[PDB]
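Only one chain is included here, represented as structure tokens and corresponding to the form deposited in one PDB entry.
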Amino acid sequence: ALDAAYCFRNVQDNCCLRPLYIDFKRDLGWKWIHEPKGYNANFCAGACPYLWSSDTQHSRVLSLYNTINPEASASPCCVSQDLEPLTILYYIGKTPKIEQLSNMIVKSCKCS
């Protein structure tokens, strides 16, 4: 899979999972989230050559088209595949609010 095991601690140009830890206050200026203070959002980035983790038939065809005609700028894109949720705690005055946000953390990537 295009996951941490394959992707982290390898520097490759093709589509792969890239690590990214976001500190809510420091990076986004969100001072209102109480816990957690940050999380491993991660992201997907890299080239999508022919048949490299192709999502659909369209990704397969476009990955071949883009190899032949790169000027078209029609390459498939390296995007999230598997994601995980994140539970946050924030206050609303003194009313503690707990919310489970789905699809917050990316665990694997694909060429779509």
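So that there is no doubt, residue numbering starts at 1 and follows the sequence shown. Under this definition, the rigid core comprises the largest set of C-alpha atoms superposing within 1.5 Å between the forms.
Unshown form deposited in another entry; subsequent notes refer to it.
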item	value
Residue shift check between this form and the one not shown, rigid core fit, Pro70 Cα at least 2 Å	yes
Core fit, then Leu20 C-alpha moves 2 Å or more between this form and the one not shown	no
C-alpha of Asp82 moved at least 2 Å between this form and the one not shown on rigid core	no
